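Worksheet: one structure, shown below.
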Amino acid sequence: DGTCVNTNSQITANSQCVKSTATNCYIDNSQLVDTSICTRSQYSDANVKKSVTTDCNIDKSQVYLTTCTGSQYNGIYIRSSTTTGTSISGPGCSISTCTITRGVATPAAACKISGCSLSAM
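Mapping to the authors' numbering: the sequence shown position 89 is 89, numbers consecutive.
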(Lines of atoms letter the chains of each structure in order from A and count residues from 1; the text may use other names and numbers.)
(Lines give C-alpha, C1' and ligand atoms only; values in the text may rest on other atoms or scores of the structure.)
Protein backbone atom coordinates (compact mmCIF):
# COMPACT_ATOMS: atom_id res chain seq x y z
CA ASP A 1 0.00 0.00 0.00
CA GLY A 2 1.15 3.55 -0.86
CA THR A 3 0.14 6.83 -2.59
CA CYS A 4 -1.61 4.95 -5.45
CA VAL A 5 -4.06 6.88 -7.67
CA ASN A 6 -5.95 3.70 -8.59
CA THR A 7 -9.29 4.13 -10.39
CA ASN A 8 -10.43 0.47 -10.72
CA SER A 9 -7.23 -1.57 -11.37
CA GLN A 10 -6.04 -4.66 -9.50
CA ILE A 11 -2.84 -4.44 -7.43
CA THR A 12 -2.09 -7.68 -5.53
CA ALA A 13 -1.32 -7.91 -1.77
CA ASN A 14 2.48 -7.96 -2.51
CA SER A 15 2.42 -5.55 -5.49
CA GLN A 16 2.93 -1.81 -4.75
CA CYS A 17 2.01 1.60 -6.16
CA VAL A 18 3.43 4.98 -5.04
CA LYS A 19 2.57 8.45 -6.53
CA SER A 20 1.39 6.65 -9.71
CA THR A 21 -1.95 6.25 -11.55
CA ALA A 22 -3.70 3.04 -12.64
CA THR A 23 -6.62 2.58 -15.06
CA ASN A 24 -8.10 -1.00 -15.17
CA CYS A 25 -4.56 -2.48 -14.86
CA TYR A 26 -3.69 -5.94 -13.50
CA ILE A 27 -0.57 -5.63 -11.34
CA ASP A 28 0.65 -9.02 -9.99
CA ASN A 29 3.73 -9.14 -7.69
CA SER A 30 4.69 -5.88 -9.49
CA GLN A 31 5.72 -2.29 -8.75
CA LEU A 32 4.16 0.84 -10.32
CA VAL A 33 6.12 3.83 -8.93
CA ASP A 34 7.16 7.51 -9.33
CA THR A 35 4.50 8.95 -11.69
CA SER A 36 4.09 5.71 -13.62
CA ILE A 37 0.74 5.56 -15.42
CA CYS A 38 -0.90 2.31 -16.65
CA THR A 39 -4.02 1.72 -18.75
CA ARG A 40 -5.57 -1.77 -19.35
CA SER A 41 -2.10 -3.40 -18.96
CA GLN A 42 -0.81 -6.58 -17.28
CA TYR A 43 2.31 -6.37 -15.08
CA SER A 44 3.63 -9.68 -13.72
CA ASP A 45 6.62 -9.87 -11.31
CA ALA A 46 7.84 -6.58 -12.90
CA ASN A 47 8.90 -2.99 -12.00
CA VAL A 48 7.92 0.21 -13.78
CA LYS A 49 9.11 3.77 -13.00
CA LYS A 50 7.81 7.10 -14.46
CA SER A 51 6.49 5.28 -17.57
CA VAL A 52 3.20 5.56 -19.51
CA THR A 53 1.89 2.16 -20.55
CA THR A 54 -1.28 1.23 -22.48
CA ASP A 55 -2.59 -2.28 -23.36
CA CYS A 56 0.78 -3.95 -22.57
CA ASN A 57 1.96 -7.25 -21.03
CA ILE A 58 5.09 -6.76 -18.91
CA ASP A 59 6.52 -10.00 -17.48
CA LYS A 60 9.64 -10.21 -15.22
CA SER A 61 10.84 -6.87 -16.68
CA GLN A 62 12.15 -3.47 -15.48
CA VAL A 63 10.92 -0.29 -17.19
CA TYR A 64 12.07 3.35 -16.75
CA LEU A 65 10.62 6.58 -18.27
CA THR A 66 9.33 4.54 -21.26
CA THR A 67 6.15 4.67 -23.41
CA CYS A 68 4.61 1.19 -23.89
CA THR A 69 1.76 0.97 -26.44
CA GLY A 70 0.09 -2.36 -27.33
CA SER A 71 3.41 -4.19 -26.69
CA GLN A 72 4.85 -7.10 -24.68
CA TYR A 73 7.99 -7.04 -22.52
CA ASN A 74 9.32 -10.41 -21.30
CA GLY A 75 12.47 -10.61 -19.11
CA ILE A 76 13.83 -7.18 -20.23
CA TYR A 77 15.33 -3.92 -18.95
CA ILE A 78 14.16 -0.87 -20.95
CA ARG A 79 14.78 2.87 -20.39
CA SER A 80 13.80 6.18 -22.02
CA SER A 81 12.22 4.30 -24.99
CA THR A 82 8.92 3.95 -26.92
CA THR A 83 7.43 0.65 -28.19
CA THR A 84 4.34 0.32 -30.43
CA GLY A 85 2.73 -3.04 -31.30
CA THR A 86 5.91 -5.00 -30.36
CA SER A 87 6.93 -8.17 -28.49
CA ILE A 88 10.37 -7.94 -26.85
CA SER A 89 12.22 -10.79 -25.09
CA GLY A 90 15.73 -11.92 -24.05
CA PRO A 91 15.70 -12.77 -21.19
CA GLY A 92 18.33 -10.25 -19.97
CA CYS A 93 17.37 -7.97 -22.90
CA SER A 94 18.56 -4.38 -22.42
CA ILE A 95 17.16 -1.39 -24.41
CA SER A 96 18.00 2.33 -24.09
CA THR A 97 16.64 5.41 -25.92
CA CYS A 98 14.97 3.40 -28.76
CA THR A 99 11.71 3.80 -30.69
CA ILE A 100 10.33 0.44 -31.91
CA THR A 101 7.23 -0.32 -34.03
CA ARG A 102 6.03 -3.89 -34.91
CA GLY A 103 9.50 -5.45 -34.35
CA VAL A 104 11.50 -2.72 -36.21
CA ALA A 105 13.67 -0.34 -34.14
CA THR A 106 14.61 3.15 -35.43
CA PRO A 107 18.12 3.40 -37.04
CA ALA A 108 18.99 6.36 -34.74
CA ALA A 109 22.39 6.12 -32.99
CA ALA A 110 20.54 6.94 -29.71
CA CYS A 111 18.91 3.46 -29.80
CA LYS A 112 21.01 0.93 -27.84
CA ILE A 113 20.09 -2.77 -27.63
CA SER A 114 21.98 -5.67 -25.99
CA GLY A 115 21.04 -9.35 -25.42
CA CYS A 116 17.56 -8.84 -26.96
CA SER A 117 15.15 -10.22 -29.58
CA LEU A 118 12.37 -8.14 -31.23
CA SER A 119 9.12 -9.26 -32.90
CA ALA A 120 5.82 -7.80 -34.13
CA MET A 121 2.80 -8.07 -31.82
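Beta carbons: idealized from backbone N, C-alpha and C, even for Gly.
In the DSSP assignment, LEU32 falls within the unbroken beta strand (DSSP E) covering 31-33. Residue pairing by DSSP places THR54 opposite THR39 and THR69 in a beta bridge. Sequence-distant partners of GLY115 (beyond 5 residues in either direction) whose C-beta falls short of 8 Å from its own C-beta, in its chain, are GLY90, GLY92, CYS93 and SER94. Going by DSSP, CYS93 is part of the beta strand (DSSP E) stretching over 86-96.
Residue pairing by DSSP places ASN14 opposite no residue, since no beta bridge is assigned to it. Bounds of the beta strand (DSSP E) holding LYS112 are 112-114. For the pair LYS19 and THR3, the CB atoms are nearer than the 8 Å cut-off.
Per DSSP, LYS49 is one residue of the beta strand (DSSP E) stretching across 47-49.
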